[PDB]
There are 4 protein chains.
Amino acid sequence: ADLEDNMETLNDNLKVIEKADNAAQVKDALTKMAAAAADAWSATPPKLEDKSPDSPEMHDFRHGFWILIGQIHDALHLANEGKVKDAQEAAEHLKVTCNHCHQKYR
Amino acid sequence: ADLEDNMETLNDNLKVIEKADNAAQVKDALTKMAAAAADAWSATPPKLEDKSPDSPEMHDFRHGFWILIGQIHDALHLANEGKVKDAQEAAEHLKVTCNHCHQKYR
Amino acid sequence: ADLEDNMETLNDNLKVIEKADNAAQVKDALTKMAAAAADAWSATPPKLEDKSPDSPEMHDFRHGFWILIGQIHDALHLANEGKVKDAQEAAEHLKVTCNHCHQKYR
Amino acid sequence: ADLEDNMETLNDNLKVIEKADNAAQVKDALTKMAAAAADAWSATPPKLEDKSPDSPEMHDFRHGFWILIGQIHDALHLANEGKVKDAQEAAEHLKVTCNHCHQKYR
Ligand code: HEC
Ligand code: HEC
Ligand code: HEC
Ligand code: HEC
Ligand SMILES: [Cl-]
Ligand SMILES: [Cl-]
Ligand SMILES: [Cl-]
Ligand SMILES: [Cl-]
Ligand SMILES: [Zn+2]
Ligand SMILES: [Zn+2]
Ligand SMILES: [Zn+2]
Ligand SMILES: [Zn+2]
Ligand SMILES: [Zn+2]
Ligand SMILES: [Zn+2]
Ligand SMILES: [Zn+2]
Ligand SMILES: [Zn+2]
Ligand SMILES: [Zn+2]
Ligand SMILES: [Zn+2]
Ligand SMILES: [Zn+2]
Ligand SMILES: [Zn+2]
């Protein structure tokens, strides 16, 4: 998937985690988000199209995906332990990550 | 790229880091490992091909890549602070994560 | 030190980081927050004093400090690389973790 | 507890996690290790007794406790999900952390 496709996947599944009425729905959405974040690792965003992939600026870009991927990891452990309220509380943590990368690079 | 190709990138760069003398050599190798681990995320390995995509086995397979990505994240911070020997030692911690996933799924 | 004293150190240093101009101010504040979070680890908060020490509530109380310590770890790496604005933004992510634990246990 | 007391606690509970015949024994030992690691945060080791607590060398010392505390966090999520074999596999990850700090600072 390109960056825009992975972003729609993150957006749809974040909404699911906000509306989830059960653990299985949250677990399924977090697994799709993990796959979209991992796949977005390789992308060059438009604002950085004229920087080499080995540049410090691209390092600072990708750093936000480490944070998101880390937060999804924890949210899935919380969802697996039956903590349905907590797992959703993930949504507040993920949103801050979404916003920081968008503010710097979108 | 395919799972065996990402494993060759992980193996080759782990050896670059062992034999490295400076932070720029360690940084470049870890950047390539981060990209290979991220790219291997959605791979299905041969020994799990007849399992459900949401089998506990496929969950546990992907959990290994969360561990590896987390460790590469920390090693690149140490390399970025010019801590060459610490970054090299951190890359040595990766081997436990290599071995745990191989023991179960290779 | 006691839990309220560590909370005053976290609150005061979070504000130092917001108003900071340079990396040394951000580094010193985050070092104090790391020590306060670590010291608060084994505290029992007033609203959980009649629960088992291994109640899910006390497990969930300590999980919050794991999240906070992880975030302070990453913020100090960014401050150590001289990324003043990123470190300050990272300190802003702490507020979600502040709020989640307060919502349940303060 | 002083550093030596927290270290005996880490050592006794690591052995428990190596010998555990059930999840509850592993969970109890990981909780004691988390408390000992958090409490060891504030300590100055003998080899660094003549460095100020705000020094870079003490920062590099404490960094090893972030790694250990992070690894215990994950081991407890794995133990909680009923993964008794995996949870123990933690013991291999923790040992590497033990050894790195000891090699540099003991
Ligand atoms: C960087 C590390 C990012 C993180 C983390 C997240 N997003 Fe993102 N997103 C990013 C970029 C560079 C772009 C622009 C891509 C382009 O080619 O233009 C986006 C775009 C979106 C969009 C599209 C809407 C738009 O206004 O362009 C959406 C809906 C979106 N991103 C959602 C999203 C969510 C929900 C995230 C976290 C859960 C998230 N993104 C993280 C860069 C980054
Ligand atoms: C799972 C989560 C894994 C982690 C972490 C690592 N590896 Fe791996 N590796 C894994 C599998 C399932 C396989 C078999 C792939 C197949 O289709 O047969 C491998 C294989 C390798 C190989 C052999 C490659 C080949 O023959 O073409 C190597 C050299 C290898 N892995 C190295 C490696 C290193 C160095 C790792 C950590 C740094 C590592 N792997 C992690 C699964 C997983
Ligand atoms: C639980 C895991 C917590 C996290 C993370 C944070 N705080 Fe906290 N805080 C917590 C409790 C249980 C309490 C009540 C303590 C009591 O005995 O009443 C508090 C209290 C505070 C306060 C009030 C202190 C006082 O009145 O003396 C402040 C100002 C405060 N907390 C700030 C704070 C900040 C800034 C945090 C993140 C950076 C934060 N807390 C995290 C539990 C937890
Ligand atoms: C630094 C970040 C450390 C980590 C992580 C761990 N240990 Fe440690 N340990 C450390 C120091 C500086 C010392 C010496 C303290 C002193 O005053 O002399 C120790 C000591 C021990 C000992 C005592 C035996 C000895 O040879 O001195 C033991 C048994 C021990 N440590 C065990 C231990 C284990 C099991 C750890 C991980 C699970 C571990 N330590 C981590 C510094 C650090
Ligand atoms: Cl972020
Ligand atoms: Cl592993
Ligand atoms: Cl939290
Ligand atoms: Cl370590
Ligand atoms: Zn793609
Ligand atoms: Zn959609
Ligand atoms: Zn957790
Ligand atoms: Zn680190
Ligand atoms: Zn190490
Ligand atoms: Zn492992
Ligand atoms: Zn980081
Ligand atoms: Zn951020
Ligand atoms: Zn939270
Ligand atoms: Zn003590
Ligand atoms: Zn003993
Ligand atoms: Zn995990």
# chains A, B, ... in the order shown; residues from 1 in each chain; ligands from 1

call {"tool": "interface_residues", "arguments": {"of": "chain D", "to": "chain B", "cutoff": "9 Å", "atoms": "only C-alpha atoms", "output": "number ranges by chain"}}
result
D: 89, 92-93, 96-97, 100

call {"tool": "select_by_dssp", "arguments": {"residues": "chain B", "states": "alpha helix (DSSP H)", "output": "PyMOL selection string"}}
result
chain B and resi 3-19+23-39+56-80+84-105

call {"tool": "residues_around", "arguments": {"residues": "segment 11-18 of chain A", "least_positions_apart": "2", "cutoff": "7 Å", "atoms": "only C-alpha atoms", "output": "NGL selection string"}}
result
:A and (7-9 or 20 or 26 or 29 or 33 or 88 or 91)

call {"tool": "residues_around", "arguments": {"residues": "residue 77 of chain B", "least_positions_apart": "4", "cutoff": "8 Å", "atoms": "only C-alpha atoms", "output": "number ranges by chain"}}
result
B: 73, 81; C: 77

call {"tool": "residues_around", "arguments": {"residues": "residue 27 of chain D", "least_positions_apart": "5", "cutoff": "8 Å", "atoms": "only C-alpha atoms", "output": "CSV table (one decimal) with N, CA and C atoms, in the first residue's frame"}}
result
chain,number,residue,atom,x,y,z
D,76,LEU,N,5.6,-9.6,31.9
D,76,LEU,CA,4.4,-9.7,32.7
D,76,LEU,C,3.1,-9.8,31.8
D,79,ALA,N,3.2,-13.3,30.6
D,79,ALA,CA,2.7,-14.2,31.7
D,79,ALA,C,1.2,-14.1,31.9
D,80,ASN,N,0.6,-12.9,31.8
D,80,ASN,CA,-0.8,-12.7,32.1
D,80,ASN,C,-1.7,-13.4,31.0

call {"tool": "residues_near_ligand", "arguments": {"ligand": "ligand 1", "cutoff": "6 Å", "atoms": "only C-alpha atoms and all ligand atoms", "output": "VMD selection string"}}
result
chain A and resid 3 to 4 7 to 8 10 to 11 45 to 46 61 to 62 64 to 65 68 94 to 95 97 to 98 101 to 102 105 to 106

call {"tool": "residues_around", "arguments": {"residues": "residue 38 of chain D", "least_positions_apart": "3", "cutoff": "8 Å", "atoms": "only C-alpha atoms", "output": "PyMOL selection string"}}
result
(chain C and resi 38-39+41) or (chain D and resi 34-35+41+65+69)

call {"tool": "write_last_selection", "arguments": {"atoms": "N, CA, C and O atoms", "output": "PDB file, in the first residue's frame"}}
result
ATOM      1  N   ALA C  38      10.070   6.521  38.983  1.00  0.00           N
ATOM      2  CA  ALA C  38      10.704   5.314  39.534  1.00  0.00           C
ATOM      3  C   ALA C  38      10.421   5.213  41.031  1.00  0.00           C
ATOM      4  O   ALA C  38       9.992   4.147  41.506  1.00  0.00           O
ATOM      5  N   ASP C  39      10.607   6.297  41.763  1.00  0.00           N
ATOM      6  CA  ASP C  39      10.378   6.354  43.232  1.00  0.00           C
ATOM      7  C   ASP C  39       8.890   6.112  43.576  1.00  0.00           C
ATOM      8  O   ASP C  39       8.611   5.583  44.669  1.00  0.00           O
ATOM      9  N   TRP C  41       6.889   4.086  42.178  1.00  0.00           N
ATOM     10  CA  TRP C  41       6.554   2.715  41.730  1.00  0.00           C
ATOM     11  C   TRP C  41       5.775   1.948  42.801  1.00  0.00           C
ATOM     12  O   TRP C  41       4.732   1.391  42.478  1.00  0.00           O
TER      13      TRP C  41
ATOM     14  N   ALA D  34      10.330  -5.895  39.177  1.00  0.00           N
ATOM     15  CA  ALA D  34       9.938  -4.530  38.771  1.00  0.00           C
ATOM     16  C   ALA D  34      10.161  -3.568  39.946  1.00  0.00           C
ATOM     17  O   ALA D  34      10.747  -2.469  39.738  1.00  0.00           O
ATOM     18  N   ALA D  35       9.765  -3.964  41.154  1.00  0.00           N
ATOM     19  CA  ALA D  35       9.873  -3.107  42.364  1.00  0.00           C
ATOM     20  C   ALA D  35      11.351  -2.900  42.714  1.00  0.00           C
ATOM     21  O   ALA D  35      11.736  -1.742  43.018  1.00  0.00           O
ATOM     22  N   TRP D  41      16.923   2.674  40.858  1.00  0.00           N
ATOM     23  CA  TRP D  41      17.033   3.894  40.015  1.00  0.00           C
ATOM     24  C   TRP D  41      17.898   4.959  40.698  1.00  0.00           C
ATOM     25  O   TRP D  41      18.773   5.524  40.019  1.00  0.00           O
ATOM     26  N   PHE D  65      18.640   0.382  33.563  1.00  0.00           N
ATOM     27  CA  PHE D  65      17.384   0.106  34.308  1.00  0.00           C
ATOM     28  C   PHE D  65      16.148   0.350  33.451  1.00  0.00           C
ATOM     29  O   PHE D  65      15.189  -0.367  33.655  1.00  0.00           O
ATOM     30  N   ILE D  69      13.527  -2.606  33.040  1.00  0.00           N
ATOM     31  CA  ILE D  69      12.125  -2.311  33.481  1.00  0.00           C
ATOM     32  C   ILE D  69      11.196  -2.560  32.293  1.00  0.00           C
ATOM     33  O   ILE D  69      10.156  -3.227  32.484  1.00  0.00           O
TER      34      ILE D  69
END

call {"tool": "closest_residue", "arguments": {"among": "B:31, B:44, B:22, B:55", "to": "ligand 2", "atoms": "only C-alpha atoms and all ligand atoms"}}
result
B:44

call {"tool": "residues_near_ligand", "arguments": {"ligand": "ligand 18", "cutoff": "7 Å", "atoms": "only C-alpha atoms and all ligand atoms", "output": "mmCIF file with N, CA, C and O atoms, in the first residue's frame"}}
result
data_model
loop_
_atom_site.group_PDB
_atom_site.id
_atom_site.type_symbol
_atom_site.label_atom_id
_atom_site.label_comp_id
_atom_site.auth_asym_id
_atom_site.auth_seq_id
_atom_site.Cartn_x
_atom_site.Cartn_y
_atom_site.Cartn_z
ATOM 1 N N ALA D 1 15.573 -0.069 49.937
ATOM 2 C CA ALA D 1 16.661 -1.035 49.861
ATOM 3 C C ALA D 1 17.866 -0.369 49.202
ATOM 4 O O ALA D 1 17.653 0.452 48.277
ATOM 5 N N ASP D 2 19.087 -0.736 49.617
ATOM 6 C CA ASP D 2 20.319 -0.319 48.892
ATOM 7 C C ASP D 2 20.467 -1.170 47.610
ATOM 8 O O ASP D 2 19.654 -2.100 47.377
ATOM 9 N N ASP D 39 13.405 0.680 42.455
ATOM 10 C CA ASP D 39 14.033 1.163 43.709
ATOM 11 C C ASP D 39 15.533 1.390 43.467
ATOM 12 O O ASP D 39 16.075 2.263 44.081
ATOM 13 N N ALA D 40 16.159 0.661 42.542
ATOM 14 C CA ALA D 40 17.615 0.744 42.254
ATOM 15 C C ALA D 40 17.934 2.009 41.422
ATOM 16 O O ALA D 40 19.092 2.393 41.388
#

call {"tool": "closest_residue", "arguments": {"among": "A:30, A:70, A:63, A:23", "to": "ligand 16", "atoms": "only C-alpha atoms and all ligand atoms"}}
result
A:63

call {"tool": "decode", "arguments": {"residues": "segment 23-55 of chain A", "atoms": "N, CA and C atoms", "output": "PDB file, in the first residue's frame"}}
result
ATOM      1  N   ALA A  23     -14.063  -6.891  22.716  1.00  0.00           N
ATOM      2  CA  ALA A  23     -12.598  -7.107  22.670  1.00  0.00           C
ATOM      3  C   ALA A  23     -12.159  -7.525  21.269  1.00  0.00           C
ATOM      4  N   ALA A  24     -12.884  -8.448  20.625  1.00  0.00           N
ATOM      5  CA  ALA A  24     -12.515  -9.075  19.335  1.00  0.00           C
ATOM      6  C   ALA A  24     -12.443  -8.006  18.237  1.00  0.00           C
ATOM      7  N   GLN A  25     -13.399  -7.082  18.232  1.00  0.00           N
ATOM      8  CA  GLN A  25     -13.404  -5.916  17.313  1.00  0.00           C
ATOM      9  C   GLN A  25     -12.157  -5.036  17.549  1.00  0.00           C
ATOM     10  N   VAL A  26     -11.795  -4.795  18.804  1.00  0.00           N
ATOM     11  CA  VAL A  26     -10.605  -3.950  19.134  1.00  0.00           C
ATOM     12  C   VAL A  26      -9.331  -4.672  18.672  1.00  0.00           C
ATOM     13  N   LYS A  27      -9.197  -5.950  18.990  1.00  0.00           N
ATOM     14  CA  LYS A  27      -8.012  -6.767  18.635  1.00  0.00           C
ATOM     15  C   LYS A  27      -7.832  -6.772  17.121  1.00  0.00           C
ATOM     16  N   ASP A  28      -8.904  -7.012  16.370  1.00  0.00           N
ATOM     17  CA  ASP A  28      -8.873  -7.067  14.886  1.00  0.00           C
ATOM     18  C   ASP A  28      -8.403  -5.713  14.339  1.00  0.00           C
ATOM     19  N   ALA A  29      -8.965  -4.600  14.827  1.00  0.00           N
ATOM     20  CA  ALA A  29      -8.598  -3.222  14.395  1.00  0.00           C
ATOM     21  C   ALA A  29      -7.119  -2.905  14.735  1.00  0.00           C
ATOM     22  N   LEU A  30      -6.610  -3.295  15.910  1.00  0.00           N
ATOM     23  CA  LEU A  30      -5.211  -2.997  16.325  1.00  0.00           C
ATOM     24  C   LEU A  30      -4.261  -3.792  15.434  1.00  0.00           C
ATOM     25  N   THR A  31      -4.587  -5.043  15.101  1.00  0.00           N
ATOM     26  CA  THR A  31      -3.774  -5.876  14.181  1.00  0.00           C
ATOM     27  C   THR A  31      -3.696  -5.212  12.795  1.00  0.00           C
ATOM     28  N   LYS A  32      -4.810  -4.699  12.271  1.00  0.00           N
ATOM     29  CA  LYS A  32      -4.780  -4.004  10.953  1.00  0.00           C
ATOM     30  C   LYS A  32      -3.925  -2.743  11.054  1.00  0.00           C
ATOM     31  N   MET A  33      -3.993  -2.018  12.181  1.00  0.00           N
ATOM     32  CA  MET A  33      -3.221  -0.763  12.351  1.00  0.00           C
ATOM     33  C   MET A  33      -1.728  -1.078  12.376  1.00  0.00           C
ATOM     34  N   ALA A  34      -1.330  -2.122  13.100  1.00  0.00           N
ATOM     35  CA  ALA A  34       0.078  -2.562  13.186  1.00  0.00           C
ATOM     36  C   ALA A  34       0.611  -2.835  11.772  1.00  0.00           C
ATOM     37  N   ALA A  35      -0.172  -3.513  10.936  1.00  0.00           N
ATOM     38  CA  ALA A  35       0.245  -3.890   9.560  1.00  0.00           C
ATOM     39  C   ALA A  35       0.380  -2.627   8.701  1.00  0.00           C
ATOM     40  N   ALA A  36      -0.527  -1.661   8.858  1.00  0.00           N
ATOM     41  CA  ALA A  36      -0.499  -0.406   8.072  1.00  0.00           C
ATOM     42  C   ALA A  36       0.708   0.427   8.505  1.00  0.00           C
ATOM     43  N   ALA A  37       1.013   0.479   9.803  1.00  0.00           N
ATOM     44  CA  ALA A  37       2.134   1.296  10.318  1.00  0.00           C
ATOM     45  C   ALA A  37       3.479   0.734   9.818  1.00  0.00           C
ATOM     46  N   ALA A  38       3.662  -0.584   9.927  1.00  0.00           N
ATOM     47  CA  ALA A  38       4.844  -1.335   9.444  1.00  0.00           C
ATOM     48  C   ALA A  38       5.011  -1.063   7.946  1.00  0.00           C
ATOM     49  N   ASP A  39       3.920  -1.109   7.197  1.00  0.00           N
ATOM     50  CA  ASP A  39       3.990  -0.957   5.723  1.00  0.00           C
ATOM     51  C   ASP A  39       4.338   0.501   5.382  1.00  0.00           C
ATOM     52  N   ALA A  40       3.974   1.469   6.225  1.00  0.00           N
ATOM     53  CA  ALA A  40       4.199   2.918   5.983  1.00  0.00           C
ATOM     54  C   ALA A  40       5.678   3.291   6.249  1.00  0.00           C
ATOM     55  N   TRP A  41       6.453   2.412   6.887  1.00  0.00           N
ATOM     56  CA  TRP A  41       7.885   2.596   7.244  1.00  0.00           C
ATOM     57  C   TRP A  41       8.699   3.061   6.031  1.00  0.00           C
ATOM     58  N   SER A  42       8.490   2.429   4.889  1.00  0.00           N
ATOM     59  CA  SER A  42       9.286   2.593   3.648  1.00  0.00           C
ATOM     60  C   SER A  42       8.925   3.877   2.883  1.00  0.00           C
ATOM     61  N   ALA A  43       7.900   4.617   3.284  1.00  0.00           N
ATOM     62  CA  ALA A  43       7.361   5.707   2.440  1.00  0.00           C
ATOM     63  C   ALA A  43       8.163   6.995   2.627  1.00  0.00           C
ATOM     64  N   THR A  44       8.292   7.762   1.548  1.00  0.00           N
ATOM     65  CA  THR A  44       8.739   9.177   1.567  1.00  0.00           C
ATOM     66  C   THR A  44       7.508  10.061   1.456  1.00  0.00           C
ATOM     67  N   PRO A  45       7.229  10.905   2.454  1.00  0.00           N
ATOM     68  CA  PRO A  45       6.087  11.811   2.377  1.00  0.00           C
ATOM     69  C   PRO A  45       6.368  12.964   1.413  1.00  0.00           C
ATOM     70  N   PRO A  46       5.328  13.557   0.781  1.00  0.00           N
ATOM     71  CA  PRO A  46       5.517  14.687  -0.134  1.00  0.00           C
ATOM     72  C   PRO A  46       6.451  15.791   0.386  1.00  0.00           C
ATOM     73  N   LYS A  47       6.276  16.303   1.601  1.00  0.00           N
ATOM     74  CA  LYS A  47       7.100  17.434   2.127  1.00  0.00           C
ATOM     75  C   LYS A  47       8.586  17.064   2.185  1.00  0.00           C
ATOM     76  N   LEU A  48       8.953  15.776   2.151  1.00  0.00           N
ATOM     77  CA  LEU A  48      10.375  15.344   2.237  1.00  0.00           C
ATOM     78  C   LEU A  48      10.817  14.654   0.936  1.00  0.00           C
ATOM     79  N   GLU A  49      10.115  14.868  -0.187  1.00  0.00           N
ATOM     80  CA  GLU A  49      10.325  14.106  -1.458  1.00  0.00           C
ATOM     81  C   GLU A  49      11.736  14.345  -2.017  1.00  0.00           C
ATOM     82  N   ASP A  50      12.368  15.466  -1.659  1.00  0.00           N
ATOM     83  CA  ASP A  50      13.672  15.943  -2.192  1.00  0.00           C
ATOM     84  C   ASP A  50      14.803  15.662  -1.193  1.00  0.00           C
ATOM     85  N   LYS A  51      14.560  14.828  -0.173  1.00  0.00           N
ATOM     86  CA  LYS A  51      15.582  14.351   0.798  1.00  0.00           C
ATOM     87  C   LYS A  51      15.831  12.872   0.523  1.00  0.00           C
ATOM     88  N   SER A  52      17.088  12.426   0.640  1.00  0.00           N
ATOM     89  CA  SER A  52      17.528  11.011   0.487  1.00  0.00           C
ATOM     90  C   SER A  52      16.980  10.180   1.648  1.00  0.00           C
ATOM     91  N   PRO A  53      16.707   8.872   1.436  1.00  0.00           N
ATOM     92  CA  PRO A  53      16.026   8.063   2.448  1.00  0.00           C
ATOM     93  C   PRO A  53      16.911   7.825   3.687  1.00  0.00           C
ATOM     94  N   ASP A  54      18.220   8.078   3.555  1.00  0.00           N
ATOM     95  CA  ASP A  54      19.248   7.849   4.603  1.00  0.00           C
ATOM     96  C   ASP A  54      19.502   9.153   5.363  1.00  0.00           C
ATOM     97  N   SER A  55      18.817  10.242   5.005  1.00  0.00           N
ATOM     98  CA  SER A  55      18.931  11.577   5.646  1.00  0.00           C
ATOM     99  C   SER A  55      18.466  11.540   7.103  1.00  0.00           C
TER     100      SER A  55
END
